[PDB]
Amino acid sequence: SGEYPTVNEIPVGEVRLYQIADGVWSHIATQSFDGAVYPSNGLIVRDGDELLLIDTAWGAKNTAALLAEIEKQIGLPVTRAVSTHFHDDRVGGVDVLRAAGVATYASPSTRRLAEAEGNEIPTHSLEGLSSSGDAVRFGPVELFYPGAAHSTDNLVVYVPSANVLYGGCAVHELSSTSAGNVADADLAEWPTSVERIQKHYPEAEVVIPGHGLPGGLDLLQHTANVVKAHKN
Ligand SMILES: C[C@H](c1cnn(CCCN)c1)c1cccc2c(-c3ccc(CS(C)(=O)=O)c(F)c3)c(C(=O)O)[nH]c12
Ligand SMILES: [Zn+2]
Ligand SMILES: [Zn+2]
């Protein structure tokens with residue numbers, strides 16, 4: 001009824017949208033992994049009379065549900081999608097998207113890693129993002145490669161019309177007490193990658209983590225802090 005929806009409010013398989021700013025929504029879904037249930041976020045950005053999707057809803061049936069929810073609540077077609085790293089909470093559902101006519105994109109680094117993991121593989125490669133600090137435009141967003149953090153390939157997304165920073169899994173929510181799933185992370189480089197985000201997007205007004213509640217720029221420093229406590 002208005003507050004951001006949390007893991008225990010979303011049954012696995014359903015998707016909810018949350019209006020972030022004019023023409024910007026997050027999408028929230030939940031999924032089981034190794035016997036526990038987790039929420040995860042993605043983004044939807046209006047692109048004239050079309051929509052740009054950032055990240056799947058973590059699984060084929062969740063992603064089908066995402067498309068249905070977008071049709072019900074927004075009613076504009078999703079024409080393109082970008083996945084911000086290779087894990088299943090970002091690419092699982094790409095095959096559903098591709099069968100629904102969505103053009104799916106990721107960096108070559110994400111595509112390679114997805115293929116090697118046995119995860120679904122976006123169709124199109126995003127060049128111009130291979131060195132930390134790189135930025136490219138993609139529809140109504142800017143894609144930025146901050147360097148290795150949660151994963152070596154993680155991208156962040158900025159919506160300049162609204163000053164919305166979508167951190168993906170490189171950014172954690174304020175209530176987080178540890179650094180999430182770090183199996184593919186670079187804990188030593190993560191703070192430097194966060195500092196690059198902070199320097200490049202000093203006017204961000206909303207910061208959205210890969211999992212959990214949006215907030216403001218605090219999420220960036222908090223992320224660095226929880227990652228340092230983990231490496232320690
Ligand atoms: C799909 C993904 C994954 C990551 N790696 N692998 C290994 C490769 C295997 N094929 C799979 C995955 C599965 C389960 C949970 C998480 C969390 C996560 C966990 C806990 C928290 C709470 S917290 C910050 O307080 O610790 C959280 F927010 C997110 C994150 C994240 O961190 O992005 N990914 C997750
Ligand atoms: Zn991940
Ligand atoms: Zn994640």
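Starting from 1, each residue takes its place in the sequence as its number.
With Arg196 contributing its side chain and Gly133 its backbone, the two residues share no donor-acceptor pair below 3.5 Å. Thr30 places a side-chain N or O within 3.5 Å of a backbone atom of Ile10 that can act as its donor or acceptor partner. A distance-only check finds no donor-acceptor pair linking the side chain of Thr56 to the backbone of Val94 [under 3.5 Å]. Listed for the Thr223 side chain is a donor-acceptor partner under 3.5 Å among the backbone atoms of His172. Listed for the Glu14 side chain is no donor-acceptor partner under 3.5 Å among the backbone atoms of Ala29. With hydrogens and angles disregarded, no donor-acceptor distance shorter than 3.5 Å links the side chain of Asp88 to the backbone of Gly59. In terms of modelled atom types and a separation under 3.5 Å, the side chain of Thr152 and the main chain of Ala148 share no donor-acceptor contact. Under a 3.5 Å cut-off, the side chain of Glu69 and the backbone N or O of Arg16 do not form any donor-acceptor pair.
Residues passing the side chain to side chain contact (heavy atoms under 4.5 Å, CB included) test with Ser178 are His230, sequence neighbours excluded. Taking the side chain to side chain donor-acceptor pair (under 3.5 Å) definition, one finds that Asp22 meets it with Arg46, sequence neighbours left out. For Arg98, the side chain to side chain donor-acceptor pair (under 3.5 Å) partners at least two apart in sequence or on another chain are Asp95, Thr104, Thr123. Annotation: side chain to side chain contact (heavy atoms under 4.5 Å, CB included) contacts of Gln221 (sequence neighbours excluded): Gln198, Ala224, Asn225. Listed by chain and residue number, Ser175 satisfy the side chain to side chain donor-acceptor pair (under 3.5 Å) test with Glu173 (two or more places apart in sequence, or in another chain). Taking the side chain to side chain donor-acceptor pair (under 3.5 Å) definition, one finds that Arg80 meets it with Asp47, sequence neighbours left out.
Note on residues 179-190: pairs passing side chain to side chain donor-acceptor pair (under 3.5 Å), not counting sequence neighbours, are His87-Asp184. Sorted by first and then second residue, the salt bridge (charged side-chain N to carboxylate O under 4.0 Å, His left out) pairs with a member in residues 28-39 form an empty list; sequence neighbours excluded. For the salt bridge (charged side-chain N to carboxylate O under 4.0 Å, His left out) condition, no pair includes a residue of residues 212-232, sequence neighbours left out.
The hydrophobic cluster around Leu53 extends to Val15, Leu17, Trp25, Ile44, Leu51, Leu66, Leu67, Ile70, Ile74, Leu76, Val78, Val96, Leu97, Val102, counting ILVMFWY residues whose side-chain heavy atoms fall within less than 4.5 Å of a member. In the hydrophobic clustering, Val7 connects to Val12, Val37, either directly or through intervening members, whenever side-chain heavy atoms lie under 4.5 Å apart. Think of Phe86 as one node in a network of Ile, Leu, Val, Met, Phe, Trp and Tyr side chains linked at under 4.5 Å; its network also takes in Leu113.
A heavy-atom distance below 4.5 Å is not found between the side chains of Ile208 and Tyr18. Looking at heavy atoms from C-beta onward, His85 lies in side-chain contact with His150 at the 4.5 angstrom threshold. The shortest distance between side-chain heavy atoms of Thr6 and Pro39 does not fall below 4.5 Å. Looking only at side-chain heavy atoms (C-beta outward), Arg90 and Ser40 come within less than 4.5 Å of each other. Here the side chains of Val194 and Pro146 are not in contact, with every heavy-atom distance at 4.5 Å or above. Residues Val206 and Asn163 have side chains not in contact (no heavy-atom distance under 4.5 Å, counting atoms from C-beta outward).
Here the CG atom belonging to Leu129 is positioned 8.5 Å from the CD atom belonging to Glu127, to the nearest 0.5 angstrom.
Side chains of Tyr145 and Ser109: a donor-acceptor N/O pair is absent below 3.5 angstrom, by distance only. For the residue pair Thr110 / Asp153, a side-chain donor-acceptor distance below 3.5 Å is found, with atom types taken as modelled.
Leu213 and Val171 fall into different hydrophobic clusters, defined by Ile, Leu, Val, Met, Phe, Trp and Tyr side-chain heavy atoms under 4.5 Å apart, directly or through other members. There is a path of hydrophobic side-chain contacts, each under 4.5 Å, that joins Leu187 to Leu220. Residue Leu219 is not grouped with residue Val157 when hydrophobic side chains (ILVMFWY) are merged at heavy-atom distances under 4.5 angstrom, including chains of intermediate members. One hydrophobic cluster, built from ILVMFWY side chains closer than 4.5 Å, cannot hold both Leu143 and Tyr158; they sit in different ones. Under the 4.5 Å side-chain heavy-atom criterion for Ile, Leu, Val, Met, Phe, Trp and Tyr, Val82 and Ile28 are members of the same hydrophobic cluster.
For the side chain to side chain contact (heavy atoms under 4.5 Å, CB included) with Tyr166, the qualifying choice from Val156, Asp55, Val159, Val207 is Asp55, the only one to do so.
Between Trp58 and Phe33, the ring planes are tilted. Angles from 30° to 60° get that label.
Checked against the 6.0 Å centroid threshold, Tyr38 and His211 do not count as a close aromatic pair.
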